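For ligands, and for the atoms within them, numbers begin at 1 and follow the listed sequence. FYI, side chains are in, hydrogens and waters are out, and symmetry mates aren't considered; it's all heavy atoms of this structure. So you know, we letter chains A, B, ... as the sequences are listed, proteins then strands, and number each from 1.
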Amino acid sequence: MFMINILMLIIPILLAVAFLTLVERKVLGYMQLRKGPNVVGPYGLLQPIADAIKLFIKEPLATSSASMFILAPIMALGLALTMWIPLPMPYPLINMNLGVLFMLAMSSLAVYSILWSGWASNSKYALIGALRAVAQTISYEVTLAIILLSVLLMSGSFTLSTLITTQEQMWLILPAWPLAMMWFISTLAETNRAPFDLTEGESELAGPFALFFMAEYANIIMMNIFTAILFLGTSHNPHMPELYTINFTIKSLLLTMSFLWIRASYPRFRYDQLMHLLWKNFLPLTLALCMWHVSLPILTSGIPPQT
Amino acid sequence: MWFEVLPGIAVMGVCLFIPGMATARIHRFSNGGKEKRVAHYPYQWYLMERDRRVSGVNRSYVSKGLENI
Amino acid sequence: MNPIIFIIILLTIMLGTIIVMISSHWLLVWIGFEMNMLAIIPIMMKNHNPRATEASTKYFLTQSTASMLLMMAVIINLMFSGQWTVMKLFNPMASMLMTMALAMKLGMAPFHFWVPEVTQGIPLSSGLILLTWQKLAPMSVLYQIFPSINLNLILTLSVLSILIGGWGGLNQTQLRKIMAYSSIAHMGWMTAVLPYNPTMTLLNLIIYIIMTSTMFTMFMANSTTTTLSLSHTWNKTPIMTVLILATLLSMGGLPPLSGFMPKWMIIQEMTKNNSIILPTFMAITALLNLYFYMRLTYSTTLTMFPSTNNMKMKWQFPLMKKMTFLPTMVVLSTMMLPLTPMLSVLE
Amino acid sequence: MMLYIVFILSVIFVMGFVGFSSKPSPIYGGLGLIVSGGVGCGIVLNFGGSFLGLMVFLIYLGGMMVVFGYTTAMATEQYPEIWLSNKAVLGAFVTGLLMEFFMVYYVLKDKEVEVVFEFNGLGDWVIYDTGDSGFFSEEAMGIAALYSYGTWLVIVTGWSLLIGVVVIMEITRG
Amino acid sequence: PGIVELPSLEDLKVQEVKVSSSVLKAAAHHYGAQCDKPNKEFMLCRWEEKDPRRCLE
Amino acid sequence: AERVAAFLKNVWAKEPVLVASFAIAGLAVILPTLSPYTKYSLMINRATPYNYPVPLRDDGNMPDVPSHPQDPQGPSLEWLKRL
Amino acid sequence: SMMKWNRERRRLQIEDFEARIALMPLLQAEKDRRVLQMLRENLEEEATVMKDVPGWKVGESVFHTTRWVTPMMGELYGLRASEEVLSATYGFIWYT
Amino acid sequence: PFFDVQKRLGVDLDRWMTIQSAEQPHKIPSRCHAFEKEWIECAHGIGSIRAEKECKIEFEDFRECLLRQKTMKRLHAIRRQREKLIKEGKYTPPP
Amino acid sequence: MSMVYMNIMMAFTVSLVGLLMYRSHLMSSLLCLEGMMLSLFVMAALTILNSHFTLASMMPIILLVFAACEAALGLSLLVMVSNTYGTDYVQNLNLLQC
Amino acid sequence: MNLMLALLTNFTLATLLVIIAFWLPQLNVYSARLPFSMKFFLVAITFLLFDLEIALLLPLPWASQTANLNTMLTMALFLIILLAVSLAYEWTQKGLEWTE
Ligand SMILES: CCCCCCCCCCCCO[C@@H]1O[C@H](CO)[C@@H](O[C@H]2O[C@H](CO)[C@@H](O)[C@H](O)[C@H]2O)[C@H](O)[C@H]1O
Ligand SMILES: CCCCCCCCCCCCO[C@@H]1O[C@H](CO)[C@@H](O[C@H]2O[C@H](CO)[C@@H](O)[C@H](O)[C@H]2O)[C@H](O)[C@H]1O
Ligand SMILES: CCCCCCCCCCCCO[C@@H]1O[C@H](CO)[C@@H](O[C@H]2O[C@H](CO)[C@@H](O)[C@H](O)[C@H]2O)[C@H](O)[C@H]1O
Ligand SMILES: CCCCCCCCCCCCO[C@@H]1O[C@H](CO)[C@@H](O[C@H]2O[C@H](CO)[C@@H](O)[C@H](O)[C@H]2O)[C@H](O)[C@H]1O
Ligand SMILES: N=C(N)NC(=N)NCCc1ccc(I)c(Cl)c1
């Protein structure tokens with residue numbers, strides 16, 4: 001029974017990633033006064049399938065270390081799917097008492113796939129590009145962890161389903177919209193999304209490729225699902241759980257679509273400029289707001305329950 | 001037109017609806033039609049293990065009421 | 001270094017030591033060593049050269065290894081007693097590991113190899129801290145765990161240090177290496193008496209620190225790091241040569257000078273315990289140190305070495321180094337023997 | 001059997017240690033330490049150390065070991081030497097691997113063993129606590145107490161981290 | 001060292017409350033009000049004797 | 001004072017992010033001491049019964065100790081209900 | 001709004017915790033008998049199994065004190081089936 | 001401590017975590033709390049030289065609770081004997 | 001002792017022997033130093049958790065924090081060595097022989 | 001068991017996808033220092049030191065449940081302020097600059 005449940009999560013995640021590539025292309029297209037894919041299947045609905053087949057029968061074009069060349073994509077894709085197993089939608093696949101910490105711990109491991117693939121590139125210049133990407137990723141891990149802790153001081157625990165209870169009456173975006181703003185931007189920078197897509201930017205100044213792409217786009221969906229739960233909590237009715245799933249899916253779709261919207265709207269940061277955005281802007285505010293959110297429940301007598 | 005973007009969004013939305021809807025219905029099927037019991041702390045695990053013994057069939061989700069008194 | 005940062009780093013070195021000395025919990029003792037080691041590395045590196053980087057790295061590896069062994073002893077002690085109180089350990093394997101860890105930190109033979117190399121590679125002021133202040137924290141732990149220390153292990157460490165320290169100094173012309181090997185020998189006296197009377201350990205430690213500080217301060221006043229450089233002192237600061245002579249004879253343990261006192265009292269305590277062969281062997285072996293102290297006095301004060309013409313330019317300028325506490329330290333280093341009974345304050 | 005899960009994890013723990021302790025290329029040594037870190041978390045998890053187990057992942061693996069690999073790629077090795085191609089590494093790896101297997105064989109055969117010291121071999125489950133029905137995590141209560149009982153621990157720890165920043169900036173300025 | 005004294009299997013027998021935890025949770029608040037006295041007498045015994053064998057009655 | 005206001009306008013123009021950070025951090029340090037509600041945080045935390053309330057052996061000289069949970073003696077949470 | 005809801009959540013936690021406190025004497029009474037029954041059952045089998053071991057005294061304490069000592073896991077489930085032991089040892093840690 | 005500043009000032013810097021029978025959050029007791037308490041109370045104020053000999057019974061009991069070596073050894077004996085008899089078919093275990 | 005302590009104690013010994021038997025890379029010896037910490041963290045956590053020493057639950061975290069800070073210092077020394085010679089080889093750190 | 005199954009499924013699937021991704025029918029018959037930059041090293045180290053302070057703050061949601069709130073709030077703010085001081089020191093010592 002449990003193995004069926006795992007597959008009813010793994011398979012839809014990969015299908016959702018496939019069709020996000022179509023949605024991204026069509027949303028970007030219409031914001032650019034054009035259409036995007038509309039020939040390969042009606043309204044382009046077969047475009048992800050054609051792309052997927054094409055990439056997997058392409059020539060799989062020497063690695064500096066075979067073990068790490070293969071480890072990096074397995075790590076990326078395996079970790080990406082793992083981040084989904086504690087998500088309450090409304091019931092998690094695995095109900096963890098410390099689910100928020102688990103997601104923080106697993107996400108911190110994702111930078112190894114960047115590091116390992118840079119080592120296996122066998123090229124001095126690709127290793128340097130990987131190290132620049134790693135420095136960006138760990139920099140924005142700092143604010144994400146501190147922002148998350150600030151929010152949990154209103155929730156009371158590290159259990160993800162408690163965020164639902166915390167937002168029974170009101171979305172956490174209202175008491176914490178300054179944190180929501182930096183959290184949202186931090187996720188963009190964390191996933192190397194525009195205007196923080198410096199790996200693809202700086203770089204230009206088959207199956208293995210597809211696998212890394214699936215991992216990244218799964219992370220994009222997951223981060224926006226996490227954002228919906230963290231700040232736009234949906235109400236759970238235990239006798240009609242599908243009502244929660246519909247409302248929570250719509251919010252996650254809209255948050256994901258706003259990632260595309262933002263890509264279509266702005267130029268790119270310089271590397272040093274996105275480092276200053278973190279170390280000189282977000283981190284000072286995040287630290288001050290962390291002190292504020294430690295004090296606020298105490299001074300209002302609004303400390304949440306431990307359980 | 002922009003509403004030709006919807007079919008791809010609909011497929012994506014149905015793909016993301018399946019995990020949550022499947023988990024909830026699998027939980028009811030496996031737990032006698034009720035929510036799966038949450039036991040994050042030793043006290044809740046102790047009650048669940050006592051429920052298993054009291055059930056008479058080794059299922060913590062099979063409940064005995066005043067009929068057993 | 002920024003002067004304010006240098007002060008804060010010096011205070012952190014002191015704070016780490018103080019934490020070790022006031023702690024009743026083994027974790028806080030370990031933290032004190034960690035904090036102390038973190039703050040001392042920047043003053044080993046401050047002159048930025050390959051020799052100072054090698055010394056800082058050799059020092060880091062030794063102290064980090066010793067701190068890991070210390071934490072092992074603490075955790076083994078917790079497993080077999082269920083408590084963290086700083087006192088006798090409750091497991092002989094834990095006692096050996098902590099004794100070995102503290103011997104490594106003090107640079108006792110045969111864990112001594114780093115002391116001459118690290119001292120040579122760092123500035124005089126940093127060597128002054130390394131060979132004096134840094135002995136305080138490990139010795140204060142040994143002061144509290146000595147009931148559970150293996151007697152054979154500690155006395156073997158002491159005897160080896162007195163031999164290695166004495167022999168190692170015979171081959172040295174670098175003043176920092178002479179002080180390093182001198183330090184190793186003096187540590188052996190401190191630990192040899194610890195099983196019998198820890199008070200005498202404190203007496204030896206305090207007096208050693210005073211004479212060691214005096215010598216380093218006098219080397220710093222003249223910027224002398226080699227024997228031959230020190231041999232030019234007579235033709236610049238004749239008073240300094242006399243002070244160096246008196247202090248070296250004191251570190252040699254010659255009566256009627258202060259440095260006789262710790263050797264005198266250690267021999268007494270060991271004989272009260274029917275230890276006769278060991279104190280006699282130690283006293284005779286300490287003649288090795290006297291030999292290479294006397295060698296320095298010959299080239300510094302009791303003979304006049306050749307000079308250089310440019311030295312005349314130095315005659316026209318005064319000493320501007322701080323020489324802080326030097327007049328007090330030199331008088332304590334040489335003239336304290338008549339006050340020996342004052343050691344009871346350390347009881 | 002799953003009743004020996006902690007022991008099985010501990011066996012894997014040792015093999016990972018023999019991995020990097022024989023010191024292949026630091027790229028592979030770093031990999032061996034990461035696998036041992038994950039397995040070490042699993043051992044801690046099975047003793048009720050949920051928060052402690054996840055700190056190894058978050059801090060030891062996601063923080064310290066990431067910085068180790070970052071530094072290795074930048075200042076030590078950029079291309080790993082083929083694993084076990086060196087004779088001493090292969091000999092040290094084989095020597096440690098055989099010692100572990102001989103330990104594991106005997107403890108499982110006799111349900112005890114004396115490797116210098118006496119170790120029981122019935123399974124670590126036997127020493128576990130038999131009564132637990134509190135409404136909280138004891139590990140969480142103990143860790144949370146850092147802010148009520150451990151004022152002095154917070155002060156010295158926080159101070160040391162600030163000095164860590166100051167010291168490292170001094171070291172590297174050169 | 002001596003022998004751990006244990007009560008016989010018969011001295012432990014009693015009629016069980018074989019209802020599930022949701023039944024107990026539902027009745028808990030009235031149960032605490034109604035059965036307070038024998039319950040508190042038992043808990044005093046346990047915390048004073050520190051021995052389950054001494055509070056079987 | 002006027003020099004204080006001129007300094008604040010300058011930083012507000014050039015570094016509004018840092019000005020906001022310091023203002024928020026200052027409020028976090030100060031407001032708990034000025035808030036009339038901070039005292040209830042102490043009381044609510046203490047009123048949460050994590051472990052069992054072990055009863056006292058009645059020696060006949062405890063008029064302030066309730067005999068039954070529903071007796072009047074003992075702490076009341078009526079202040080918490082109205083909160 | 002967050003202050004009001006969290007205050008209500010604290011009142012709801014207290015009510016939940018007081019339900020546990022009401023039931024704790026009953027659960028404690030059951031836990032005592034279950035533990036003693038298991039120990040007594042382990043004692044019957046020891047008398048049979050260690051009947052002809054020279055010097056063995058059945059049910060002898062390993063502690064000098066006569067104070068009651070809480071048994072560890074191997075003392076209660078020492079001779080029981082592996083499935084029950086696994087649930088008693090790792091069931092809570094492994095639960096979802 | 002080498003310098004007992006804590007006692008001189010009355011400040012508790014680290015004594016609170018030195019033993020497991022000290023005060024704990026929510027009165028959560030350690031498994032060997034009663035054994036540690038007995039040993040500490042036996043040895044209090046007489047000095048470690050005397051306590052090593054006179055509180056040996058309390059300390060041996062406490063060490064048994066800590067590491068459970070004798071208990072595990074006894075269980076090893078009973079299990080080993082039971083396997084022998086079952087291997088010889090002389091014993092059938094009850095349900 | 002319990003069976004797990006055998007392997008955890010063995011792991012520390014393996015890493016200690018690894019640390020004391022240097023090869024060439026200074027980084028390799030730093031990894032053994034952090035392996036020693038890891039085995040210490042696990043052994044301390046197991047003892048503290050099993051004994052239900054509640055307040056000691058924070059100790060492994062403190063050990064982890066301080067040991068990570070020590071490792072950061074060690075890594076800084078390694079890069080300074082690497083900047084001087086172009087490698088982290090310990091055979092280059094032999095100037096203080098004389 | 002469930003979490004172990006989930007992890008094994010996720011990574012086992014990832015391995016399989018990599019497998020077929022590398023082997024499909026083709027139909028054909030015929031250790032120096034990497035141009036070391038000190039600034040990127042200091043970013044990693046700074047991340048590490050801030051990550052260790054975050055480790056110390058993670059317990060805060062549980063710590064707020066204490067009755068010793070006076071001590072707990074003072075220590076929580078003290079830790080965060082010291083984190084801010086660390087950032088302020090790095091900032092004013094040009095540790096956050098990418099020029100030169
Ligand atoms: C997602 C599931 C998809 C299932 C689809 C199953 C279809 C299986 C049949 C695949 C046929 C692929 O067809 C073949 O692919 C390889 C990909 O390198 C191409 O390339 C191959 O041939 C050329 C020469 O022609 C070689 O130089 C090259 O090294 C080799 O890779 C071929 O030019 C193409 O003819
Ligand atoms: C080098 C740094 C220089 C700065 C030195 C600063 C030292 C600060 C010392 C802090 C500890 C002060 O002293 C200690 O404080 C805390 C409250 O604050 C008290 O602790 C109190 O709260 C906890 C919770 O139960 C328990 O420790 C105890 O129950 C209670 O006494 C201690 O009883 C008191 O002894
Ligand atoms: C330098 C090596 C560095 C790696 C260290 C590796 C970890 C070492 C683990 C040590 C833990 C075992 O420590 C050892 O355990 C046994 C178990 O009873 C103790 O007991 C043993 O000696 C005493 C002697 O009176 C008695 O208990 C008994 O004869 C015997 O069992 C030892 O007194 C203790 O020294
Ligand atoms: C660089 C070092 C920086 C260190 C920064 C430390 C800043 C600390 C600022 C606030 C510290 C005290 O903050 C707050 O003050 C008020 C003063 O009435 C205390 O008092 C309040 O709560 C207590 C409960 O304990 C009530 O009994 C009291 O009636 C109530 O007024 C709070 O308990 C405390 O939470
Ligand atoms: N970036 C875009 N949105 N367009 C785009 N060309 N994406 C990449 C195409 C792609 C990659 C993997 C898979 I599986 C699929 Cl189905 C499609």
A.B. asks: Protein heavy atoms near atom 35 (O) of ligand 2, is at least one of them under 4.0 angstrom away?
C.D. replies: yes
A.B. asks: Looking at atom 4 (C) of ligand 2, is any protein heavy atom nearer than 4.0 Å to it?
C.D. replies: no
A.B. asks: When you measure from atom 1 (C) of ligand 2 to every protein heavy atom, which one gives the shortest distance, and what is it?
C.D. replies: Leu15(C) CD1, 3.3 Å
A.B. asks: Could you tell me whether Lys39(F) atom NZ has more than 12 heavy atoms of other residues or ligands within 6.0 Å of it?
C.D. replies: yes
A.B. asks: Does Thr151(D) reach the main-chain N or O of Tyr147(D) with its side chain, forming a donor-acceptor pair under 3.5 Å?
C.D. replies: no
A.B. asks: Measuring from atom 32 (C) of ligand 4, which candidate in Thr74(J), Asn70(J), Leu77(J) has the nearest non-hydrogen atom?
C.D. replies: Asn70(J)
A.B. asks: Nearest protein heavy atom to atom 2 (C) of ligand 4, by residue and atom, and its distance?
C.D. replies: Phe78(J) CD1, 3.8 Å
A.B. asks: Test salt bridge (charged side-chain N to carboxylate O under 4.0 Å, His left out) on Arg82(F) and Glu78(F); report intermediate values, then the result.
C.D. replies: CA-CA 6 Å; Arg82(F) 297 177 301 95; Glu78(F) 193 74 14; 5.3 Å; no
A.B. asks: Under 4.0 Å, heavy atoms only, figure out whether ligand 4 is touched by the backbone of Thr38(F), its side chain, both or neither.
C.D. replies: both
A.B. asks: Could you grab the distance from atom NZ of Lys58(A) to atom NZ of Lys54(A), nearest 0.5 Å is fine?
C.D. replies: 6.5 Å
A.B. asks: If you count every heavy atom of other residues, nucleotides or ligands that lies below 6.0 Å from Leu34(F) atom CG, does the total exceed 12?
C.D. replies: yes
A.B. asks: Could you check atom 22 (O) of ligand 2 against the protein and tell me its nearest heavy-atom contact, residue, atom and distance included?
C.D. replies: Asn68(J) ND2, 2.8 Å
A.B. asks: So does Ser41(F) get a backbone contact from the side chain of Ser301(A), meaning a donor-acceptor N/O pair under 3.5 Å?
C.D. replies: no
A.B. asks: Short check: is a protein heavy atom less than 4.0 Å from atom 15 (O) of ligand 2?
C.D. replies: no
A.B. asks: Of the protein's non-hydrogen atoms, which lies at the shortest distance from atom 10 (C) of ligand 4, and what is that distance?
C.D. replies: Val29(F) O, 3.8 Å
A.B. asks: Heavy-atom count around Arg11(G) CZ within 6.0 Å, excluding the residue itself: above 12?
C.D. replies: yes
A.B. asks: Could you tell me the residue and atom name of the protein heavy atom closest to atom 9 (C) of ligand 2, and the distance to it rounded to 0.1 Å?
C.D. replies: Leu13(H) CD2, 3.9 Å
A.B. asks: Mind checking whether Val156(D) contacts ligand 2 via backbone (N, CA, C, O), side chain (CB onward), both or neither, at a 4.0 Å heavy-atom cut-off?
C.D. replies: neither
A.B. asks: What atoms of ligand 4 come within less than 4.0 Å of a heavy atom belonging to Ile81(J)?
C.D. replies: 1 (C), 3 (C), 5 (C)
A.B. asks: Given 3.5 Å as the limit, does a donor-acceptor pair link the side chain of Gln83(C) with the main chain of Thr85(C), or not?
C.D. replies: yes
A.B. asks: What is the closest protein heavy atom to atom 23 (C) of ligand 2, and at what distance does it sit?
C.D. replies: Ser148(D) O, 3.5 Å
A.B. asks: Protein heavy atoms near atom 30 (C) of ligand 1, is at least one of them under 4.0 angstrom away?
C.D. replies: yes
A.B. asks: Enter the distance from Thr66(J):OG1 to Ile303(A):CD1 here, rounded to the nearest 0.5 Å.
C.D. replies: 9.5 Å
A.B. asks: Taking atom types as modelled, is there a side-chain donor on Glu90(J) or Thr46(J) under 3.5 Å from an acceptor on the other?
C.D. replies: yes
A.B. asks: Among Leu34(F), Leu73(J), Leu299(A), whose heavy atom sits nearest atom 13 (O) of ligand 4?
C.D. replies: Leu73(J)
A.B. asks: Is there a donor-acceptor pair under 3.5 Å between the side chain of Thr54(I) and the backbone N or O of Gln24(H)?
C.D. replies: no
A.B. asks: Nearest to atom 8 (C) of ligand 2, what protein heavy atom do you find, and at what distance?
C.D. replies: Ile155(D) CD1, 3.9 Å
A.B. asks: May I ask you to list the atoms of ligand 2 that are less than 4.0 angstrom from any heavy atom of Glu23(H)?
C.D. replies: 25 (O), 29 (O)
A.B. asks: Please determine whether the number of non-hydrogen atoms from other residues, nucleotides or ligands lying under 6.0 Å from atom OH of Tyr40(F) exceeds 12.
C.D. replies: no
A.B. asks: Can you tell me the protein heavy atom closest to atom 6 (C) of ligand 1 and the distance?
C.D. replies: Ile57(A) CG2, 4.4 Å
A.B. asks: Can you find an N/O atom of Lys58(A) closer than 3.5 Å to an N/O atom of ligand 1?
C.D. replies: no
A.B. asks: Relative to the heavy atoms of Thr71(J), which atoms of ligand 2 are at a distance of less than 4.0 Å?
C.D. replies: 17 (C), 18 (O)
A.B. asks: Among all protein heavy atoms, pick the one closest to atom 21 (C) of ligand 1 and tell me residue, atom and distance.
C.D. replies: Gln26(J) O, 3.5 Å
A.B. asks: State whether the side chain of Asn36(C) and the backbone N or O of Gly16(C) hold a donor-acceptor pair below 3.5 Å, judged by distance alone.
C.D. replies: no
A.B. asks: Identify the closest protein heavy atom to atom 17 (C) of ligand 4: which residue and atom is it, and at what distance?
C.D. replies: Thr33(F) CA, 4.0 Å
A.B. asks: By number and element, which atoms of ligand 4 are closer than 4.0 Å to a non-hydrogen atom of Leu42(F)?
C.D. replies: 24 (C), 25 (O)
A.B. asks: When you compare ligand 2 with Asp12(H), is there at least one nitrogen or oxygen pair between them that comes in under 3.5 angstrom?
C.D. replies: yes
A.B. asks: What protein heavy atom sits nearest atom 26 (C) of ligand 2, and how far off is it?
C.D. replies: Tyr149(D) CD2, 3.6 Å
A.B. asks: Please check this pair: side chain of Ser23(C) against backbone of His25(C), looking for a donor-acceptor N/O pair closer than 3.5 Å.
C.D. replies: no
A.B. asks: Of all the atoms in ligand 1, which lie at a distance below 4.0 Å from a heavy atom belonging to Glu59(A)?
C.D. replies: 17 (C), 18 (O), 28 (C), 29 (O), 30 (C), 31 (O)
A.B. asks: Going from CE on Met214(A) to CG on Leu20(A), what distance comes out if it is rounded to the nearest 0.5 angstrom?
C.D. replies: 12.5 Å
A.B. asks: Tell me the protein heavy atom at minimum distance from atom 11 (C) of ligand 2, and give that distance in Å.
C.D. replies: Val11(H) CG2, 4.0 Å
A.B. asks: Going by distance alone, is a donor N or O of one side chain under 3.5 Å from an acceptor N or O of the other, for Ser30(H) and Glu36(H)?
C.D. replies: no
A.B. asks: In terms of side-chain heavy atoms, does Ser24(C) have a donor or acceptor partner in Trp84(C) at a distance below 3.5 Å?
C.D. replies: no
A.B. asks: So between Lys39(F), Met291(A), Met75(J), whose heavy atom ends up nearest atom 28 (C) of ligand 4?
C.D. replies: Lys39(F)
A.B. asks: At less than 4.0 angstrom from any non-hydrogen atom of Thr151(D), what atoms of ligand 2 do you find?
C.D. replies: 10 (C)
A.B. asks: Specify the protein heavy atom at minimum distance from atom 24 (C) of ligand 1: its residue, its atom name, and the distance to 0.1 Å.
C.D. replies: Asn28(J) CB, 4.2 Å
